[PDB]
Amino acid sequence: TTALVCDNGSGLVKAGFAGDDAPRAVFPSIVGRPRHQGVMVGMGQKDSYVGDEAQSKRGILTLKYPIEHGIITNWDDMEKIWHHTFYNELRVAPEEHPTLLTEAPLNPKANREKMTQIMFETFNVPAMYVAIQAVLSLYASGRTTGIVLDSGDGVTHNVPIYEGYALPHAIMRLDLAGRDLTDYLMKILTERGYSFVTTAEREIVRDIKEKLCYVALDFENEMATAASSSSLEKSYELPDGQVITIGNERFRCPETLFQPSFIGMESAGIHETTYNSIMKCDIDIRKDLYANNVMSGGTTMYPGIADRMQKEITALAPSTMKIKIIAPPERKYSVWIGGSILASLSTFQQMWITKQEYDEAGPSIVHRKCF
Amino acid sequence: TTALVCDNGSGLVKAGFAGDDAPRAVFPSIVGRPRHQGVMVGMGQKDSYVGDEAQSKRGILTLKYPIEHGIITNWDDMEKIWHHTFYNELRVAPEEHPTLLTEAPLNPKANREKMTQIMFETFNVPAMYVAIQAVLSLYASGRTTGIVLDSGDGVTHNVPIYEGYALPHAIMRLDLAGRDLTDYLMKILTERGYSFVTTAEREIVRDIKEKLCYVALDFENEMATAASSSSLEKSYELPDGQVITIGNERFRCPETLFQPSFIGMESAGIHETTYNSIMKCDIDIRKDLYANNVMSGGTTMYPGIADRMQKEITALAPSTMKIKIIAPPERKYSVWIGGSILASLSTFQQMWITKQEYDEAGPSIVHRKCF
Amino acid sequence: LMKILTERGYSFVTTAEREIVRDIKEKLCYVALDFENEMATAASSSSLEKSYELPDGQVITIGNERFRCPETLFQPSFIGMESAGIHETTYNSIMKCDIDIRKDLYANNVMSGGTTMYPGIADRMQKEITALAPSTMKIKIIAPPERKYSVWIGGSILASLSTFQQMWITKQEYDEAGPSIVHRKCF
Amino acid sequence: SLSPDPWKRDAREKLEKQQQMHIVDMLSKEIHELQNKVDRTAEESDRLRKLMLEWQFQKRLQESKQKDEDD
Amino acid sequence: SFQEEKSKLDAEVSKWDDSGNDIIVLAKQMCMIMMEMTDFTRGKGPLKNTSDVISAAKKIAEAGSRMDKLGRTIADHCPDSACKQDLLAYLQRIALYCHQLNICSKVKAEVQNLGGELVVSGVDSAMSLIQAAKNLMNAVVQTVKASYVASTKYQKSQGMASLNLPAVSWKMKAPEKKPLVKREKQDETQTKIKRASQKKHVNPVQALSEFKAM
Ligand SMILES: Nc1ncnc2c1ncn2[C@@H]1O[C@H](COP(=O)(O)OP(=O)(O)O)[C@@H](O)[C@H]1O
Ligand SMILES: Nc1ncnc2c1ncn2[C@@H]1O[C@H](COP(=O)(O)OP(=O)(O)O)[C@@H](O)[C@H]1O
Ligand SMILES: [Mg+2]
Ligand SMILES: [Mg+2]
């Protein structure tokens, strides 16, 4: 019986069977409930929509996110999503498949303890295991050394790995991801008179960001050219037939990843924070860590982000060093792909957290075994 | 057994049995009393005529409407009409037939509380229920998503509904209907030398409107063709044999629906009242509301009213989207048909207002349940 | 207020009558300290009824609508809006600041504008804010009597300052730079 | 089946109308049979009397109803 | 492998004549009727005029009542849980849509007799019944999947005995693998206004085609 590889991030839930090369369920991680008054008889018995059906009824629903900043905050809703991805999206029996869960580094200790307790007690999974976002990304790249920059929807973190060995002291975590960029774009658009205030409208701004935003190779030059001409303008059509225009906001929303002071944060940019982590490593392994730079996650999908990323690192590192950046076209699903490889490994079949171990040790077994 | 379905409006009264496909009693909602000296002995005992029999003796009566602008103003005459339709029209005993009533939205609360009190105390029905007229129009249309434009004899209102959920904040009610068009026609007709001042003569003018009036696609262009030629003239024969002629007044009377300033009202036309109601809804459901635009009521029976509405909406809405108008041939009885569907429904048989609940709560029970 | 006034049978539809409703609101409306208690007391007795006289001489009576209209500030769902009330918005803003200044921001809560002149809004805001903040902190609300003209009073103070004459927008500055000068200088 | 449906009521009305339209033919046949018997009995006069009365009223009703389909 | 394929057809065709005792076979009968009236708008199906659509309205509505009976039996034997609550939610919608089809079709029938076919000469009166038909089918697809989940989840549970559960006569297909990347095309260059992606609505034929007999 094949294992289950579930990658439940802040924004989307990816699930599938171990050994495959693609997930089978990719739906938003939202739960919506009606906020209006039901008049037609028999149409109001349903009181909770999960996933794709919730997104198709944004007009009469309020959308909540069970996960924010990679930390689960609502547990009743999270159980609903897990039940939805086993019986509806995958249509399998949870009680006869070991399940592989994933978690981000430097999360609260009690977070994964509650994740394991729910899996064994409720879904009766025979076994389970918890992995790390950045570690699984290396498998998808087919390398054993390098530094991983995973930028998702709730958290951005770096993990340097050399010859299959980790350096926990050099791991950096930054709570600035795609969700923060959506809020900034929502506020910036008010300069032209466009206002979105509802939770349903926030999903419209997310669609605009993924279709019109890009990273500028040089920020100052683009600002000078933006005001002089109108060659950087683009138009987007709202669902109600209205058309909006965007000028310099196209390259301003993704640019705050390098200047977090725009949103008010004191943390350094992504280019600087990965440079600090490299110099926190030993001097012998820095020679190759400059190369083998792996980027993963949906936030790393902006056009020209790699070109800007390489230029900034070059200006910091000595001129003798060679700087390379790896950006696969499939990097949105890199975390899940590495999960399938690990779950189907021949030598990995001996550290699944079996149910018998859980009974004699309680939920605290994950800390001493799972990494 | 069978549950009565009575739809009492400003002009007409509709009643019948739930589960059927057509009403069994349609008579005018007027009560007349004699106004002349009686000289023949024994012929003056009758002092009040109700319904059709009052309409046949207009020459010696003063007709009055117990309901105006959708609000019951004479509770003594209203009980006369309710007794007429239960014994002389349907030939049923109210003691064993729950009844369903209708009432327009944004109506005073005291209207339905006193309506319920009469039903339970006077006629002694086992159960009852009060619904919204605009909601019942969607039941008869075989739909669950759309905006209903209901225009009867006293009130015109708009109610948007999406997936069986109402949006109370987007409901617009305008007190302008057929009875106001009849009064304007009498004033307009005086230009040609015809005078109708008696209440009995208002029924003559009402019949003239229903047989000769129409809505012009373009008012300004039609006025030009009215003066140049005499091809728009038609003649009507009065009961006493006199013949009248109508010129441009045929399309001037129904024009006040789109130009309420003719009567002196400051409000906007019915075309941009619906557009304002749509624009007050959420941006995501506006696509399904521009289509599925349902029209109901006898005032919407003028020739060309559906085509005129579509032209006016299309000029206001964005050109990318499509606007549809639904005008069923039987739209004069849409409100009653929806009531028959709701009353006979299996899932509805648990939300009647039983007489037991009225005992422990009084007339106020209707607000918490009927809505 | 115009929408919920039709429940009693009074209808105002024209723009001229919208000014009549505004005058009624400014004289008869107030903020309820506890919304649920006021609802129960309104149904139990008619001690909250007040009368108003229209220009034509008619007299209308208003019951529980006096405190329902200002309640939509704290419960925007009444008018169909989704965002949180003013009591919660002013608390979300505080949490978005750094922790070192939150103590001083919890105090010195200043109100302004005519909308904040409802009788009891100062007390209601304090009750709701304290229920969200930790019990250790203290909450103070400043409600000057002249807060309807607070915005203008500050403006006269700034323009008359002796160190402000160097940041005006001279006409010759606008002549060569155009209307875009207002963005970088004025704030 | 789940809820009362108008088709069953329509069928019931049609069956009732057909029964009413055949009972008059049965009545006419009974009148013809009792009329043409040369022999007479005491317990037959009242029956035959009520029968012509009912048939004559039914024929009058039919004649009045027929004209309503014209102008 | 030629002989092997014949066994699958025999097992599959063996359930097409179950006399409507199973839930899945009833839903398949439902969908075929709806496609006929859906294709009536294009005028390329067995139906030819409005009167054909009205006759089809009764057949799909009458089959709705039997679907309600079949679904409710499973819900009663199922212990209270999330799956049971979801199952009963759609059964409320089936009663409303089925009742609407019965009354509305009767109204369209009487109007045909009174004013003639020229009143309903336009196809506009036809989509009133067609709209309610596809509304009913969406609820029928949902209640089939909900009924299946409760059957498989509580197959061993007491009270499910002597019942025709889908868990013992049907199997689910594994969902298709998602594409790793959306392939770009050259048509987006011509369009100067970037629009939102149209939502993909599931087709009832495809939603029911994933069922396979044991
Ligand atoms: N083409 C794109 N350009 C920019 N941002 C994107 C694009 N596609 C997705 N995103 C953003 O990246 C996020 C993707 O989330 P994902 O990569 O699945 O990680 P997680 O599962 O942790 O949310 C989304 O929140 C979205 O806002
Ligand atoms: N064919 C028609 N053309 C124009 N106006 C009509 C027509 N039929 C009815 N009306 C007007 O519309 C009104 C219809 O009343 P109706 O909708 O049946 O109930 P209510 O009394 O609730 O409005 C009548 O008062 C009549 O004046
Ligand atoms: Mg992720
Ligand atoms: Mg009406």
# chains A, B, ... in the order shown; residues from 1 in each chain; ligands from 1
>>> residues_near_ligand(ligand="ligand 4", cutoff="9 Å", atoms="only C-alpha atoms and all ligand atoms", output="list in words")
residues 7, 8, 9, 10, 11, 12, 13, 70, 102, 103, 104, 133, 134, 150, 151, 152, 153, 154, 155, 296, 297, 298, 332, 333, 334, 335 and 336 of chain B
>>> write_last_selection(atoms="N, CA, C and O atoms", output="mmCIF file, in the first residue's frame")
data_model
loop_
_atom_site.group_PDB
_atom_site.id
_atom_site.type_symbol
_atom_site.label_atom_id
_atom_site.label_comp_id
_atom_site.auth_asym_id
_atom_site.auth_seq_id
_atom_site.Cartn_x
_atom_site.Cartn_y
_atom_site.Cartn_z
ATOM 1 N N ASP B 7 -53.254 35.574 -2.283
ATOM 2 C CA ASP B 7 -52.344 36.669 -2.609
ATOM 3 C C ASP B 7 -53.191 37.921 -2.809
ATOM 4 O O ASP B 7 -53.788 38.111 -3.872
ATOM 5 N N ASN B 8 -53.243 38.771 -1.790
ATOM 6 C CA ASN B 8 -54.046 39.986 -1.823
ATOM 7 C C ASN B 8 -53.156 41.183 -2.128
ATOM 8 O O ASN B 8 -52.246 41.504 -1.357
ATOM 9 N N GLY B 9 -53.419 41.840 -3.258
ATOM 10 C CA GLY B 9 -52.679 43.004 -3.672
ATOM 11 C C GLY B 9 -53.491 44.281 -3.559
ATOM 12 O O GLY B 9 -54.591 44.313 -3.004
ATOM 13 N N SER B 10 -52.917 45.355 -4.101
ATOM 14 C CA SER B 10 -53.588 46.649 -4.053
ATOM 15 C C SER B 10 -54.801 46.681 -4.975
ATOM 16 O O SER B 10 -55.846 47.231 -4.613
ATOM 17 N N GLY B 11 -54.681 46.103 -6.168
ATOM 18 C CA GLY B 11 -55.768 46.135 -7.124
ATOM 19 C C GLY B 11 -56.628 44.888 -7.152
ATOM 20 O O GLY B 11 -57.857 44.977 -7.102
ATOM 21 N N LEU B 12 -55.997 43.719 -7.226
ATOM 22 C CA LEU B 12 -56.696 42.457 -7.409
ATOM 23 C C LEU B 12 -56.444 41.528 -6.230
ATOM 24 O O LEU B 12 -55.506 41.716 -5.450
ATOM 25 N N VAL B 13 -57.299 40.516 -6.109
ATOM 26 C CA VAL B 13 -57.180 39.487 -5.083
ATOM 27 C C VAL B 13 -57.110 38.134 -5.772
ATOM 28 O O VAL B 13 -57.974 37.806 -6.593
ATOM 29 N N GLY B 70 -49.582 49.325 -1.047
ATOM 30 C CA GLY B 70 -49.232 48.068 -0.413
ATOM 31 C C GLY B 70 -49.456 48.020 1.086
ATOM 32 O O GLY B 70 -49.054 47.066 1.748
ATOM 33 N N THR B 102 -49.101 36.999 1.480
ATOM 34 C CA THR B 102 -47.967 37.673 0.866
ATOM 35 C C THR B 102 -47.966 39.138 1.278
ATOM 36 O O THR B 102 -49.013 39.710 1.593
ATOM 37 N N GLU B 103 -46.780 39.742 1.271
ATOM 38 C CA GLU B 103 -46.641 41.140 1.655
ATOM 39 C C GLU B 103 -45.342 41.683 1.076
ATOM 40 O O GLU B 103 -44.333 40.978 1.038
ATOM 41 N N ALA B 104 -45.380 42.937 0.631
ATOM 42 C CA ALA B 104 -44.230 43.555 -0.005
ATOM 43 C C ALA B 104 -43.141 43.864 1.021
ATOM 44 O O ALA B 104 -43.426 44.062 2.203
ATOM 45 N N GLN B 133 -43.395 38.938 -1.605
ATOM 46 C CA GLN B 133 -43.877 38.778 -2.973
ATOM 47 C C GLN B 133 -42.729 38.588 -3.956
ATOM 48 O O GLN B 133 -42.809 37.747 -4.858
ATOM 49 N N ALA B 134 -41.654 39.361 -3.800
ATOM 50 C CA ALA B 134 -40.549 39.280 -4.750
ATOM 51 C C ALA B 134 -39.812 37.952 -4.653
ATOM 52 O O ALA B 134 -39.258 37.479 -5.652
ATOM 53 N N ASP B 150 -40.507 43.542 -9.405
ATOM 54 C CA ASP B 150 -41.938 43.350 -9.231
ATOM 55 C C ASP B 150 -42.618 44.709 -9.195
ATOM 56 O O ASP B 150 -42.261 45.564 -8.378
ATOM 57 N N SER B 151 -43.594 44.904 -10.075
ATOM 58 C CA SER B 151 -44.324 46.164 -10.175
ATOM 59 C C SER B 151 -45.809 45.846 -10.267
ATOM 60 O O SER B 151 -46.282 45.369 -11.302
ATOM 61 N N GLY B 152 -46.538 46.106 -9.187
ATOM 62 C CA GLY B 152 -47.955 45.821 -9.156
ATOM 63 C C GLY B 152 -48.818 47.053 -9.319
ATOM 64 O O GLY B 152 -48.582 47.871 -10.211
ATOM 65 N N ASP B 153 -49.828 47.196 -8.463
ATOM 66 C CA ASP B 153 -50.723 48.342 -8.518
ATOM 67 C C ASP B 153 -50.354 49.445 -7.537
ATOM 68 O O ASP B 153 -50.786 50.587 -7.727
ATOM 69 N N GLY B 154 -49.572 49.142 -6.504
ATOM 70 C CA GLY B 154 -49.251 50.145 -5.511
ATOM 71 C C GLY B 154 -47.778 50.396 -5.260
ATOM 72 O O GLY B 154 -47.409 51.489 -4.822
ATOM 73 N N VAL B 155 -46.923 49.413 -5.529
ATOM 74 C CA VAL B 155 -45.517 49.513 -5.147
ATOM 75 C C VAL B 155 -44.669 48.738 -6.146
ATOM 76 O O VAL B 155 -45.086 47.698 -6.664
ATOM 77 N N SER B 296 -42.104 40.838 -13.086
ATOM 78 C CA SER B 296 -43.364 40.292 -12.604
ATOM 79 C C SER B 296 -44.338 41.433 -12.351
ATOM 80 O O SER B 296 -43.957 42.604 -12.297
ATOM 81 N N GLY B 297 -45.606 41.074 -12.197
ATOM 82 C CA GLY B 297 -46.648 42.038 -11.918
ATOM 83 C C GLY B 297 -47.361 42.512 -13.173
ATOM 84 O O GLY B 297 -46.849 42.439 -14.287
ATOM 85 N N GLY B 298 -48.581 43.016 -12.969
ATOM 86 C CA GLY B 298 -49.397 43.462 -14.083
ATOM 87 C C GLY B 298 -48.943 44.764 -14.706
ATOM 88 O O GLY B 298 -49.264 45.025 -15.870
ATOM 89 N N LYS B 332 -48.340 37.914 -14.838
ATOM 90 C CA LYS B 332 -49.329 38.555 -13.981
ATOM 91 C C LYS B 332 -49.723 37.681 -12.797
ATOM 92 O O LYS B 332 -50.239 38.204 -11.804
ATOM 93 N N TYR B 333 -49.491 36.369 -12.875
ATOM 94 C CA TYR B 333 -49.806 35.448 -11.791
ATOM 95 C C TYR B 333 -48.564 34.764 -11.229
ATOM 96 O O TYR B 333 -48.675 33.704 -10.607
ATOM 97 N N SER B 334 -47.381 35.348 -11.438
ATOM 98 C CA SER B 334 -46.151 34.718 -10.966
ATOM 99 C C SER B 334 -46.107 34.643 -9.446
ATOM 100 O O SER B 334 -45.636 33.649 -8.883
ATOM 101 N N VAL B 335 -46.582 35.686 -8.765
ATOM 102 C CA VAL B 335 -46.522 35.705 -7.306
ATOM 103 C C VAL B 335 -47.364 34.579 -6.721
ATOM 104 O O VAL B 335 -46.938 33.888 -5.787
ATOM 105 N N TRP B 336 -48.569 34.374 -7.255
ATOM 106 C CA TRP B 336 -49.423 33.308 -6.741
ATOM 107 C C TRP B 336 -48.832 31.933 -7.025
ATOM 108 O O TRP B 336 -48.893 31.042 -6.171
#
>>> interface_residues(of="chain B", to="chain E", cutoff="8 Å", atoms="only C-alpha atoms", output="CSV table (one decimal) with N, CA, C and O atoms, in the first residue's frame")
chain,number,residue,atom,x,y,z
B,19,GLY,N,-50.7,23.7,-4.5
B,19,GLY,CA,-50.4,22.5,-5.4
B,19,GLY,C,-51.0,22.6,-6.8
B,19,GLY,O,-50.6,21.8,-7.6
B,20,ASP,N,-52.0,23.5,-7.0
B,20,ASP,CA,-52.6,23.6,-8.3
B,20,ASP,C,-51.6,24.4,-9.2
B,20,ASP,O,-50.5,24.7,-8.9
B,21,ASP,N,-52.1,24.8,-10.4
B,21,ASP,CA,-51.4,25.6,-11.3
B,21,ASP,C,-52.0,26.9,-11.7
B,21,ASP,O,-51.4,27.6,-12.6
B,22,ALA,N,-53.1,27.3,-11.1
B,22,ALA,CA,-53.8,28.5,-11.5
B,22,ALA,C,-54.7,28.9,-10.3
B,22,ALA,O,-55.3,28.0,-9.7
B,139,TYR,N,-39.5,31.4,-7.2
B,139,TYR,CA,-40.0,30.1,-7.2
B,139,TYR,C,-40.7,29.7,-8.5
B,139,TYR,O,-40.5,28.6,-9.1
B,140,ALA,N,-41.6,30.6,-9.0
B,140,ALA,CA,-42.3,30.4,-10.2
B,140,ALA,C,-41.5,30.4,-11.5
B,140,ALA,O,-41.9,29.9,-12.5
B,141,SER,N,-40.3,30.9,-11.4
B,141,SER,CA,-39.4,31.1,-12.6
B,141,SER,C,-38.5,29.9,-12.8
B,141,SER,O,-37.7,29.9,-13.7
B,142,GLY,N,-38.5,28.9,-11.8
B,142,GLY,CA,-37.6,27.8,-11.9
B,142,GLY,C,-36.1,28.2,-11.8
B,142,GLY,O,-35.3,27.6,-12.5
B,143,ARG,N,-35.8,29.1,-10.9
B,143,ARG,CA,-34.5,29.7,-10.7
B,143,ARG,C,-34.2,29.9,-9.3
B,143,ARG,O,-35.1,29.9,-8.4
B,328,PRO,N,-42.0,36.1,-18.7
B,328,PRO,CA,-42.9,35.0,-19.0
B,328,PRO,C,-44.3,35.6,-19.4
B,328,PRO,O,-44.7,36.6,-18.9
B,329,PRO,N,-45.0,34.8,-20.3
B,329,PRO,CA,-46.3,35.3,-20.7
B,329,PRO,C,-47.3,35.4,-19.5
B,329,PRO,O,-48.2,36.2,-19.5
B,330,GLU,N,-47.2,34.5,-18.5
B,330,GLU,CA,-48.1,34.5,-17.4
B,330,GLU,C,-47.6,35.3,-16.1
B,330,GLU,O,-47.9,35.0,-15.0
B,341,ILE,N,-46.2,26.7,-5.0
B,341,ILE,CA,-45.0,25.8,-4.9
B,341,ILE,C,-44.6,25.7,-3.5
B,341,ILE,O,-44.2,24.6,-3.0
B,345,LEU,N,-44.9,22.3,-0.6
B,345,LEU,CA,-43.6,21.7,-0.5
B,345,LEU,C,-43.5,20.8,0.7
B,345,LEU,O,-44.1,21.1,1.7
B,346,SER,N,-42.8,19.6,0.5
B,346,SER,CA,-42.7,18.7,1.6
B,346,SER,C,-41.8,19.3,2.8
B,346,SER,O,-42.1,19.1,3.9
B,347,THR,N,-40.7,19.9,2.4
B,347,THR,CA,-39.7,20.4,3.4
B,347,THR,C,-40.3,21.7,4.1
B,347,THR,O,-39.7,22.0,5.1
>>> residues_around(residues="residue 47 of chain C", least_positions_apart="4", cutoff="12 Å", atoms="only C-alpha atoms", output="PyMOL selection string")
chain C and resi 38+41-43+51+62-64
>>> residues_around(residues="residue 276 of chain B", least_positions_apart="3", cutoff="9 Å", atoms="only C-alpha atoms", output="PyMOL selection string")
chain B and resi 170+172+272-273+279-280
>>> interface_residues(of="chain C", to="chain B", cutoff="7 Å", atoms="only C-alpha atoms", output="JSON, numbers by chain")
{"C": [6, 7, 8, 9, 14, 79, 80]}
>>> interface_residues(of="chain B", to="chain A", cutoff="7 Å", atoms="only C-alpha atoms", output="mmCIF file with N, CA and C atoms, in the first residue's frame")
data_model
loop_
_atom_site.group_PDB
_atom_site.id
_atom_site.type_symbol
_atom_site.label_atom_id
_atom_site.label_comp_id
_atom_site.auth_asym_id
_atom_site.auth_seq_id
_atom_site.Cartn_x
_atom_site.Cartn_y
_atom_site.Cartn_z
ATOM 1 N N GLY B 164 -30.058 31.285 -3.570
ATOM 2 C CA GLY B 164 -30.993 31.175 -2.471
ATOM 3 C C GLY B 164 -30.701 32.060 -1.282
ATOM 4 N N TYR B 165 -29.755 32.985 -1.400
ATOM 5 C CA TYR B 165 -29.414 33.911 -0.330
ATOM 6 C C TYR B 165 -29.800 35.322 -0.747
ATOM 7 N N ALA B 166 -30.542 36.008 0.113
ATOM 8 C CA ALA B 166 -30.973 37.367 -0.164
ATOM 9 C C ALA B 166 -29.942 38.371 0.338
ATOM 10 N N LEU B 167 -30.001 39.576 -0.228
ATOM 11 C CA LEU B 167 -29.125 40.685 0.143
ATOM 12 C C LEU B 167 -30.015 41.839 0.581
ATOM 13 N N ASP B 282 -22.146 42.462 -4.168
ATOM 14 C CA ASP B 282 -20.738 42.105 -4.246
ATOM 15 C C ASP B 282 -20.301 41.956 -5.699
ATOM 16 N N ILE B 283 -19.034 42.293 -5.950
ATOM 17 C CA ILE B 283 -18.521 42.346 -7.316
ATOM 18 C C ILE B 283 -18.548 40.974 -7.976
ATOM 19 N N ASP B 284 -18.468 39.903 -7.187
ATOM 20 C CA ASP B 284 -18.381 38.563 -7.751
ATOM 21 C C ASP B 284 -19.708 38.050 -8.293
ATOM 22 N N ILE B 285 -20.837 38.477 -7.725
ATOM 23 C CA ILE B 285 -22.141 37.980 -8.144
ATOM 24 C C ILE B 285 -22.818 38.890 -9.155
ATOM 25 N N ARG B 286 -22.203 40.021 -9.504
ATOM 26 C CA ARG B 286 -22.816 40.930 -10.463
ATOM 27 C C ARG B 286 -22.927 40.321 -11.853
ATOM 28 N N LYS B 287 -22.094 39.331 -12.179
ATOM 29 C CA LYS B 287 -22.188 38.701 -13.491
ATOM 30 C C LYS B 287 -23.480 37.908 -13.633
ATOM 31 N N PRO B 318 -21.242 47.848 -18.210
ATOM 32 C CA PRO B 318 -20.090 47.720 -19.111
ATOM 33 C C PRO B 318 -20.445 46.930 -20.362
ATOM 34 N N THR B 320 -18.782 44.885 -22.130
ATOM 35 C CA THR B 320 -18.291 43.517 -22.246
ATOM 36 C C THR B 320 -19.345 42.501 -21.824
ATOM 37 N N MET B 321 -20.213 42.865 -20.889
ATOM 38 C CA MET B 321 -21.134 41.911 -20.297
ATOM 39 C C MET B 321 -22.459 41.881 -21.056
#
>>> residues_around(residues="segment 152-159 of chain E", least_positions_apart="5", cutoff="12 Å", atoms="only C-alpha atoms", output="number ranges by chain")
A: 83, 86-88, 91-95, 123; E: 73-84, 145-147, 164-172
>>> select_by_dssp(residues="segment 94-327 of chain A", states="alpha helix (DSSP H)", output="ChimeraX atom specification")
/A:109-121,133-141,178-188,199-212,219-228,270-279,286-289,305-316
>>> select_by_dssp(residues="segment 45-193 of chain E", states="strand (DSSP E)", output="ChimeraX atom specification")
/E:170-172,193
>>> residues_around(residues="residue 142 of chain C", least_positions_apart="4", cutoff="8 Å", atoms="only C-alpha atoms", output="list in words")
residues 108, 109, 110 and 111 of chain C
>>> write_last_selection(atoms="C-alpha atoms", output="mmCIF file, in the first residue's frame")
data_model
loop_
_atom_site.group_PDB
_atom_site.id
_atom_site.type_symbol
_atom_site.label_atom_id
_atom_site.label_comp_id
_atom_site.auth_asym_id
_atom_site.auth_seq_id
_atom_site.Cartn_x
_atom_site.Cartn_y
_atom_site.Cartn_z
ATOM 1 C CA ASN C 108 -3.659 59.050 24.533
ATOM 2 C CA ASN C 109 -6.597 57.884 22.409
ATOM 3 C CA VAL C 110 -7.838 61.024 20.651
ATOM 4 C CA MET C 111 -11.194 61.384 18.896
#
>>> interface_residues(of="chain D", to="chain B", cutoff="7 Å", atoms="only C-alpha atoms", output="ChimeraX atom specification")
/D:2-6
>>> atom_distance(atom1="atom CA of residue 193 of chain A", atom2="atom CA of residue 211 of chain A")
20.3 Å
>>> residues_around(residues="residue 54 of chain C", least_positions_apart="6", cutoff="10 Å", atoms="only C-alpha atoms", output="ChimeraX atom specification")
/C:17,20-21,24,60
>>> atom_distance(atom1="atom CA of residue 202 of chain B", atom2="atom CA of residue 263 of chain B")
17.6 Å
>>> closest_residue(among="E:60, E:160, E:196, E:205", to="residue 210 of chain A", atoms="only C-alpha atoms")
E:196
